[PDB]
$ cat structure.csv   # CSV, C-alpha atoms and all ligand atoms
chain,number,residue,atom,x,y,z
L,1,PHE,CA,-91.8,-167.7,-25.2
L,2,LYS,CA,-88.4,-168.1,-26.8
L,3,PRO,CA,-86.8,-171.3,-25.4
L,4,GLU,CA,-83.4,-170.0,-24.6
L,5,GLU,CA,-84.9,-167.0,-22.7
L,6,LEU,CA,-87.4,-169.2,-20.9
L,7,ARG,CA,-84.5,-171.5,-20.0
L,8,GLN,CA,-82.5,-168.5,-18.5
L,9,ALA,CA,-85.5,-167.6,-16.3
L,10,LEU,CA,-86.4,-171.1,-15.2
L,11,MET,CA,-82.9,-172.6,-14.7
L,12,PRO,CA,-82.0,-170.6,-11.6
L,13,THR,CA,-85.0,-172.1,-9.8
L,14,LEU,CA,-83.8,-175.6,-10.7
L,15,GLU,CA,-80.2,-174.8,-9.5
L,16,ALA,CA,-81.8,-173.5,-6.2
L,17,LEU,CA,-83.2,-177.0,-5.7
L,18,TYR,CA,-79.9,-178.8,-6.5
L,19,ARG,CA,-78.2,-176.5,-4.0
L,20,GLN,CA,-80.2,-177.9,-1.2
L,21,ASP,CA,-77.9,-180.4,0.5
L,22,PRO,CA,-78.8,-183.0,1.7
L,23,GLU,CA,-82.4,-182.4,0.8
L,24,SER,CA,-82.0,-182.7,-3.0
L,25,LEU,CA,-79.8,-185.8,-2.8
L,26,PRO,CA,-82.7,-188.4,-3.2
L,27,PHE,CA,-84.0,-186.3,-6.1
L,28,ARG,CA,-80.9,-185.7,-8.3
L,29,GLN,CA,-81.2,-189.0,-10.2
L,30,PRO,CA,-84.2,-191.1,-11.1
L,31,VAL,CA,-85.5,-193.3,-8.4
L,32,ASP,CA,-83.9,-196.8,-8.9
L,33,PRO,CA,-86.3,-199.4,-7.4
L,34,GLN,CA,-84.0,-202.3,-8.2
L,35,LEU,CA,-81.0,-200.7,-6.4
L,36,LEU,CA,-83.3,-199.6,-3.5
L,37,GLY,CA,-85.2,-203.0,-3.6
L,38,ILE,CA,-88.7,-201.4,-3.7
L,39,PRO,CA,-90.4,-203.5,-6.4
L,40,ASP,CA,-93.7,-201.7,-5.9
L,41,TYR,CA,-92.3,-198.3,-6.8
L,42,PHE,CA,-93.4,-198.2,-10.4
L,43,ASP,CA,-96.8,-199.6,-9.4
L,44,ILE,CA,-97.5,-196.6,-7.2
L,45,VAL,CA,-95.7,-193.9,-9.1
L,46,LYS,CA,-97.1,-194.0,-12.6
L,47,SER,CA,-95.0,-191.1,-14.0
L,48,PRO,CA,-91.5,-190.8,-12.5
L,49,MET,CA,-89.8,-187.4,-12.4
L,50,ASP,CA,-86.5,-186.2,-10.9
L,51,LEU,CA,-84.2,-183.3,-11.1
L,52,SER,CA,-81.9,-184.8,-13.8
L,53,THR,CA,-84.9,-185.4,-16.1
L,54,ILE,CA,-86.2,-181.9,-15.6
L,55,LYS,CA,-82.7,-180.5,-16.3
L,56,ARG,CA,-82.5,-182.4,-19.5
L,57,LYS,CA,-86.0,-181.3,-20.5
L,58,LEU,CA,-85.1,-177.7,-19.8
L,59,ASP,CA,-81.7,-177.9,-21.6
L,60,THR,CA,-83.2,-179.6,-24.7
L,61,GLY,CA,-86.1,-177.1,-25.0
L,62,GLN,CA,-89.0,-179.4,-24.2
L,63,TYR,CA,-90.7,-176.8,-22.0
L,64,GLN,CA,-92.5,-174.4,-24.3
L,65,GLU,CA,-93.9,-172.3,-21.5
L,66,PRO,CA,-93.2,-172.1,-17.7
L,67,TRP,CA,-96.3,-174.0,-16.4
L,68,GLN,CA,-95.1,-177.2,-18.0
L,69,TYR,CA,-91.9,-176.8,-16.1
L,70,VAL,CA,-93.8,-176.1,-12.9
L,71,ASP,CA,-95.9,-179.2,-13.6
L,72,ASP,CA,-92.9,-181.5,-13.8
L,73,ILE,CA,-91.4,-180.0,-10.6
L,74,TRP,CA,-94.6,-180.6,-8.7
L,75,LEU,CA,-94.9,-184.1,-10.2
L,76,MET,CA,-91.4,-184.9,-8.7
L,77,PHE,CA,-92.5,-183.7,-5.3
L,78,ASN,CA,-95.9,-185.4,-5.5
L,79,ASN,CA,-94.4,-188.8,-6.4
L,80,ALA,CA,-92.2,-188.7,-3.3
L,81,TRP,CA,-95.0,-187.5,-1.1
L,82,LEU,CA,-97.2,-190.3,-2.4
L,83,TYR,CA,-94.7,-193.1,-2.1
L,84,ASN,CA,-92.9,-192.2,1.1
L,85,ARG,CA,-94.3,-192.0,4.7
L,86,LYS,CA,-94.8,-188.5,6.2
L,87,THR,CA,-92.3,-189.4,9.0
L,88,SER,CA,-89.5,-190.4,6.5
L,89,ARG,CA,-86.5,-188.3,5.8
L,90,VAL,CA,-87.3,-188.3,2.0
L,91,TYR,CA,-90.7,-186.9,2.6
L,92,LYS,CA,-89.4,-184.1,4.9
L,93,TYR,CA,-86.6,-183.4,2.4
L,94,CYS,CA,-89.3,-183.2,-0.3
L,95,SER,CA,-91.3,-180.6,1.7
L,96,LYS,CA,-88.1,-178.6,2.1
L,97,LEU,CA,-87.5,-178.6,-1.6
L,98,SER,CA,-91.1,-177.6,-2.3
L,99,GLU,CA,-90.7,-174.7,0.2
L,100,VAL,CA,-87.5,-173.6,-1.6
L,101,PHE,CA,-89.2,-174.0,-5.0
L,102,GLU,CA,-92.3,-171.8,-4.1
L,103,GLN,CA,-90.0,-169.1,-2.8
L,104,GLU,CA,-87.9,-169.2,-6.0
L,105,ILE,CA,-90.6,-169.7,-8.6
L,106,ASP,CA,-93.2,-167.1,-7.6
L,107,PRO,CA,-91.1,-164.0,-8.5
L,108,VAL,CA,-90.0,-165.7,-11.7
L,109,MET,CA,-93.6,-166.5,-12.8
L,110,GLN,CA,-94.6,-162.9,-12.1
L,111,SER,CA,-91.7,-161.6,-14.2
L,112,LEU,CA,-92.7,-163.9,-17.1
L,201,LIG,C1,-76.6,-191.8,-4.0
L,201,LIG,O1,-77.4,-191.0,-3.3
L,201,LIG,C2,-78.3,-191.5,-2.3
L,201,LIG,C3,-78.8,-192.9,-2.8
L,201,LIG,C4,-79.8,-193.5,-1.8
L,201,LIG,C5,-80.9,-192.5,-1.7
L,201,LIG,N1,-82.1,-192.9,-0.9
L,201,LIG,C6,-82.4,-193.4,0.3
L,201,LIG,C7,-81.5,-193.9,1.5
L,201,LIG,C8,-81.8,-195.3,1.8
L,201,LIG,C9,-82.3,-195.6,3.1
L,201,LIG,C10,-81.9,-194.8,4.3
L,201,LIG,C11,-81.8,-193.3,4.1
L,201,LIG,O2,-81.9,-192.5,4.9
L,201,LIG,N2,-81.6,-192.8,2.7
L,201,LIG,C12,-81.6,-191.4,2.4
L,201,LIG,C13,-80.3,-190.9,2.0
L,201,LIG,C14,-80.1,-189.6,1.7
L,201,LIG,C15,-81.2,-188.7,1.9
L,201,LIG,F1,-81.0,-187.4,1.6
L,201,LIG,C16,-82.5,-189.2,2.3
L,201,LIG,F2,-83.5,-188.3,2.4
L,201,LIG,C17,-82.7,-190.6,2.5
L,201,LIG,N3,-83.8,-193.5,0.4
L,201,LIG,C18,-84.3,-193.1,-0.7
L,201,LIG,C19,-85.7,-192.9,-1.2
L,201,LIG,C20,-85.9,-192.4,-2.5
L,201,LIG,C21,-87.4,-192.2,-3.0
L,201,LIG,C22,-87.9,-191.0,-3.6
L,201,LIG,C23,-87.2,-189.7,-3.9
L,201,LIG,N4,-89.2,-191.3,-3.9
L,201,LIG,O3,-89.4,-192.6,-3.5
L,201,LIG,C24,-88.4,-193.1,-2.9
L,201,LIG,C25,-88.3,-194.6,-2.4
L,201,LIG,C26,-84.8,-192.0,-3.3
L,201,LIG,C27,-83.5,-192.2,-2.8
L,201,LIG,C28,-83.3,-192.7,-1.5
L,201,LIG,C29,-80.6,-191.1,-1.3
L,201,LIG,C30,-79.4,-190.5,-2.0
L,202,NI,NI,-77.2,-170.3,-13.0
L,203,NI,NI,-80.5,-177.5,3.3
L,204,NI,NI,-91.8,-173.6,-29.5
L,205,NI,NI,-98.7,-183.1,-14.7
L,206,NI,NI,-83.4,-167.0,-4.4
L,207,NI,NI,-97.0,-169.5,-5.0
$ encode --input "structure.csv" --output "structure tokens" --more "lines below"
Ligand SMILES: CO[C@H]1CC[C@H](n2c([C@@H]3CCCC(=O)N3c3ccc(F)c(F)c3)nc3cc(-c4c(C)noc4C)ccc32)CC1
Ligand code: NI
Ligand code: NI
Ligand code: NI
Ligand code: NI
Ligand code: NI
Ligand code: NI
Amino acid sequence: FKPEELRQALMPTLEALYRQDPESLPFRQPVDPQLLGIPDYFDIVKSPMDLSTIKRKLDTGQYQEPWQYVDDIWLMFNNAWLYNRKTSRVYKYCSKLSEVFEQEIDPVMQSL
């Protein structure tokens, strides 16, 4: 896997997430527990992940192969499904992003 060519295949699936409005809005920056006043967040969520961090990882070439990228995307989703209640807007928005992601990523993984 050449990093620039891998980035060209993976990045459209990240943009597809960012395009989701409002559903990507809680995911575009790292969760800020001090601003949101949720001091238990880093207790429950051991490994934070968000779209901005995944973008930087993609841009800088830290994904050697596509399943590490998939793994971080799902970590983002999984953190929010763990921390947030099923009835909450963030949780529902998370499920929406995951639905978009599976639609986007499956053709890309098969082409890779
Ligand atoms: C500047 O952009 C705004 C900042 C406030 C944000 N916000 C909000 C605000 C505050 C409360 C009321 C509300 O409805 N919010 C909100 C706002 C926009 C959304 F798209 C959304 F789904 C929820 N709640 C957030 C929750 C989380 C979160 C994630 C992801 N994982 O664990 C937690 C906790 C992250 C952000 C939240 C939503 C986007
Ligand atoms: Ni593009
Ligand atoms: Ni939408
Ligand atoms: Ni390499
Ligand atoms: Ni993982
Ligand atoms: Ni598409
Ligand atoms: Ni699938």
$ residues_around --input "structure.csv" --residues "range 59-66 of chain L" --least-positions-apart "6" --cutoff "12 Å" --atoms "all atoms listed in the file" --output "list in words"
residues 1, 2, 3, 4, 5, 6, 7, 8, 9, 10, 11, 13, 14, 52, 53, 72, 73, 105, 106, 108, 109, 110, 111 and 112 of chain L
$ axis_aligned_box --input "structure.csv" --around "range 20-31 of chain L" --padding-each-side "5 Å" --output "AutoDock Vina command-line options"
--center_x -81.7 --center_y -185.6 --center_z -4.7 --size_x 17.6 --size_y 25.4 --size_z 22.8
$ closest_atom_pairs --input "structure.csv" --of "range 56-88 of chain L" --to "range 43-51 of chain L" --cutoff "8 Å" --atoms "all atoms listed in the file" --output "Markdown table"
| residue | atom | partner | partner_atom | distance |
| --- | --- | --- | --- | --- |
| L:72 | CA | L:49 | CA | 6.8 |
| L:73 | CA | L:49 | CA | 7.8 |
| L:75 | CA | L:49 | CA | 6.5 |
| L:76 | CA | L:49 | CA | 4.7 |
| L:79 | CA | L:45 | CA | 5.9 |
| L:82 | CA | L:45 | CA | 7.8 |
| L:83 | CA | L:44 | CA | 6.8 |
$ atom_distance --input "structure.csv" --atom1 "CA of residue 71 in chain L" --atom2 "atom NI of ligand NI 205 (chain L)"
4.9 Å
$ closest_residue --input "structure.csv" --among "L:104, L:99, L:81, L:42" --to "ligand NI 203 (chain L)" --atoms "only C-alpha atoms and all ligand atoms"
L:99
$ residues_near_ligand --input "structure.csv" --ligand "ligand NI 203 (chain L)" --cutoff "10 Å" --atoms "all atoms listed in the file" --output "ChimeraX atom specification"
/L:17-24,93,96-97,100
$ write_last_selection --input "structure.csv" --atoms "C-alpha atoms" --output "short mmCIF file (atom, residue, chain, number, x, y, z; two decimals), keeping the file's coordinate frame"
data_model
loop_
_atom_site.label_atom_id
_atom_site.label_comp_id
_atom_site.auth_asym_id
_atom_site.auth_seq_id
_atom_site.Cartn_x
_atom_site.Cartn_y
_atom_site.Cartn_z
CA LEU L 17 -83.20 -177.00 -5.70
CA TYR L 18 -79.90 -178.80 -6.50
CA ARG L 19 -78.20 -176.50 -4.00
CA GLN L 20 -80.20 -177.90 -1.20
CA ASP L 21 -77.90 -180.40 0.50
CA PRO L 22 -78.80 -183.00 1.70
CA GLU L 23 -82.40 -182.40 0.80
CA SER L 24 -82.00 -182.70 -3.00
CA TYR L 93 -86.60 -183.40 2.40
CA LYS L 96 -88.10 -178.60 2.10
CA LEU L 97 -87.50 -178.60 -1.60
CA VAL L 100 -87.50 -173.60 -1.60
#
$ closest_residue --input "structure.csv" --among "L:41, L:28, L:101, L:35" --to "ligand NI 206 (chain L)" --atoms "all atoms listed in the file"
L:101
$ closest_residue --input "structure.csv" --among "L:29, L:92, L:38, L:103" --to "ligand NI 206 (chain L)" --atoms "all atoms listed in the file"
L:103
$ closest_residue --input "structure.csv" --among "L:37, L:55, L:95, L:89" --to "residue 77 in chain L" --atoms "all atoms listed in the file"
L:95
$ atom_distance --input "structure.csv" --atom1 "atom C2 of ligand LIG 201 (chain L)" --atom2 "CA of residue 39 in chain L"
17.5 Å
$ closest_residue --input "structure.csv" --among "L:74, L:80, L:40, L:27" --to "ligand NI 207 (chain L)" --atoms "only C-alpha atoms and all ligand atoms"
L:74
$ atom_distance --input "structure.csv" --atom1 "atom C8 of ligand LIG 201 (chain L)" --atom2 "CA of residue 58 in chain L"
28.1 Å
